[PDB]
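Chain and residue survey
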Number of protein chains: 2
Amino acid sequence: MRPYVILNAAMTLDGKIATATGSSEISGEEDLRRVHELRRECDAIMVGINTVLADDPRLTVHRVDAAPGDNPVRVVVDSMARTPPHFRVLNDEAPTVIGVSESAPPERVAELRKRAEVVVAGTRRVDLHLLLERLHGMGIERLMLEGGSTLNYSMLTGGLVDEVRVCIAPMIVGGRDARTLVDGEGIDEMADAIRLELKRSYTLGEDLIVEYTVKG
Amino acid sequence: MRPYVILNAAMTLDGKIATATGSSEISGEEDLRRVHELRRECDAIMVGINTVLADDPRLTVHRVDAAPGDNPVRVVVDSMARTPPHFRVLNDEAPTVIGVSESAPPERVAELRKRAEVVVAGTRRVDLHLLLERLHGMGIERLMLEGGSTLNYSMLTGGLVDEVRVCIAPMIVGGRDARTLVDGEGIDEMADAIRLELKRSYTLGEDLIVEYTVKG
Ligand SMILES: NC(=O)c1ccc[n+]([C@@H]2O[C@H](COP(=O)([O-])OP(=O)(O)OC[C@H]3O[C@@H](n4cnc5c(N)ncnc54)[C@H](OP(=O)(O)O)[C@@H]3O)[C@@H](O)[C@H]2O)c1
Ligand SMILES: NC(=O)c1ccc[n+]([C@@H]2O[C@H](COP(=O)([O-])OP(=O)(O)OC[C@H]3O[C@@H](n4cnc5c(N)ncnc54)[C@H](OP(=O)(O)O)[C@@H]3O)[C@@H](O)[C@H]2O)c1
Ligand SMILES: [Cl-]
Ligand SMILES: [Cl-]
Ligand SMILES: [Mg+2]
């Protein structure tokens, strides 16, 4: 089985979540609160290793009032155990899980096990199906997927996403090499696109929030 | 003095206007009718050569009932005069203008002049400011820019776009090499993004339409 999965993101109108140089300040203050409230509501947050290396995020509830138990499990998708042992995601604010592949150097895995629960799943790339099974077995029923574009693609095409919520900021940056909402290999034909259904749209500060379910 | 410029587009939720393979069927029938209605309220439609080569579009008012002079002037941005003499954009449905650079081979320029007005503007690349100035001279006061992503970038960073209208389809395709709403070289810092203001957002058929003004 697997938890229920909400993909949440912030993007520019032209669909970018970061520039080629990694600049990613997009959301207004209100959206950031929305995000932290949603964190409060979930059992776990999931990000890819590339996001962790780029942003060194806390991935906790800190922009809204939080009870001592409110921080969800932090989950990093990290095939070669590259999460720096010093980085904030391994701090003491909340439990952390690192999903690694069987190819991960045994020495790096052992260091991570000192600050986290490590789950091995997949040969050389993290098996997201298995990882999600393992998270569900830890009692995680509600997971918030927070990117980046490569993990987003894997999760969507694997049929592992139930909802998509996007903050669309009123700005354009362009860039053929900027990260978009969803990157990866890509679906070749518009006909074979993943299909969604708009459930809600509303303004929040300067931003436009859109909320969709993924059509089964 | 240049025309007032509305940029119109259709993209997937993840910001794609075409897959890597050039698949670009995005809008529902209702959006397409709206586009044709807006075309009729404009003096000119502008598109890049690459769009012409990819789609061979007519660029006329035909998804709604139209009369004779309802079709706007068709303008192709085409540095090296690559518009094929047999392409629909050069048919007799409507006036056509091709903007070329000084670098375009004369044989191709001379051939284009048989089927369109040719405006030579810019050394190696079309000078968009100069082109728009010359378009004003042909009674063009309102122009609809219809892509693609490279031309969009140039027009936007050139300060030559007054409004943005986007049809957002409830679908995701991903693809690191798919064409986005705006490609080109990109703005390096989110701080330096072109800023917009949302005028209104509404559903149209299955799609979500958003209309913005460009602040700068
Ligand atoms: N605004 C937003 O909504 C938002 C949200 C998040 C991030 N961002 C930004 O956007 C950028 C996106 O980062 P990114 O796309 O490079 O990184 P990412 O998607 O966070 O990380 C993807 C990486 O995860 C690892 N991985 C392991 N198994 C995988 C699997 N089955 N599927 C997918 N990935 C797997 C791979 O690296 P290994 O194989 O080496 O482990 C892969 O390259 C970042 O700069 C970030 O700051 C924006
Ligand atoms: N859904 C939508 O809204 C929408 C709209 C339009 C297109 N599309 C699709 O999206 C794709 C995007 O097309 P694209 O980006 O490859 O092509 P494009 O933007 O239509 O064409 C850009 C080309 O115009 C020429 N050009 C000359 N002077 C220029 C200047 N100053 N600035 C920019 N371009 C200049 C260049 O080629 P030369 O130098 O060789 O002349 C340049 O590569 C196409 O496949 C199209 O079918 C989607
Ligand atoms: Cl955070
Ligand atoms: Cl057409
Ligand atoms: Mg791209």
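Going by the header, the method for this PDB entry is X-ray crystallography, and the resolution given is 2.07 Å.

A closer look at helix α5 (residues 149–157) of chain A
All of the buried residues along α5 of chain A are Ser-149, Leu-151, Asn-152, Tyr-153, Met-155 and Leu-156 of chain A. Positive backbone phi, approximately 70°, marks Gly-159 of chain A, located one or two places after α5 of chain A.

Here we look at the sheet that holds strand β3 (residues 44–48) of chain A
Sheet architecture is open: 10 strands sit in the order β6(A)-β5(A)-β4(A)-β3(A)-β7(A)-β1(A)-β8(A)-β12(A)-β11(A)-β9(B), paired in mixed fashion. One side of each edge strand has no neighbouring strand; the edge strands of this open sheet are β6 (117–120) of chain A together with β9 (171–172) of chain B. Where strand β1 (residues 4–12) of chain A meets strand β8 (residues 163–169) of chain A, seven bridges bridge the pair, whose relative direction is parallel. Within β8 of chain A, the residue paired with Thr-12 of chain A across the bridge is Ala-169 of chain A. Together, β1, β3, β7 (142–145), β8, β11 (194–204) and β12 (207–214) of chain A form the strand contacts of helix α1 (residues 29–41) of chain A, whose direction differs from that of β1 of chain A by roughly 170°. Strands β1, β3, β4 (73–77), β5 (96–100), β6 and β7 of chain A of the sheet are contacted by helix α4 (residues 128–136) of chain A, whose axis makes an angle of about 165° with β4 of chain A.

A few points about the interface of chain B and chain A
It is common to give the size of an interface as the accessible area lost on bringing the parts into contact. In this complex, chain B contributes 48 residues to the contact, which on the side of chain A involves 47 residues. Summed over both sides, the interface between chain B and chain A buries roughly 3900 Å², with carbon and sulfur atoms accounting for 64% of that surface. Interface area lost by chain B to chain A is led by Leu-13, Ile-172 and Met-190 of chain B, which between them contribute 21%. The interface formed by chain B and chain A contains two salt bridges. A salt bridge links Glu-206 of chain A to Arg-195 of chain B, with the nearest nitrogen and oxygen atoms 3.2 Å apart. Applying the counting rule to chain B against chain A returns 23 residue pairs in polar contact.

How each quantity is defined
- Residues numbered from 1 in each chain as written, not as in the entry; some residues may be left out.
- Chains lettered and ligands numbered in written order.
- Heavy atoms only, no water.
- Buried < 20%, exposed > 50% of the residue type's maximum accessible area, 1.4 Å probe, protein only.
- Helix = DSSP H or I, 4+ residues; strand = E, 2+ residues; numbered from the N terminus.
- Pairing = 2+ DSSP bridges.
- Contact = heavy atoms within 4.5 Å.
- Axes fitted to C-alpha atoms, helices over the stretch in contact; angles between N-to-C directions.
- Buried area = accessible area lost by both parts, 1.4 Å probe.
- Salt bridge = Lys/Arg side-chain N within 4 Å of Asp/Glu carboxyl O.
- Polar contact = N/O pair within 3.5 Å; in protein donor to acceptor, adjacent residues only side chain to side chain.

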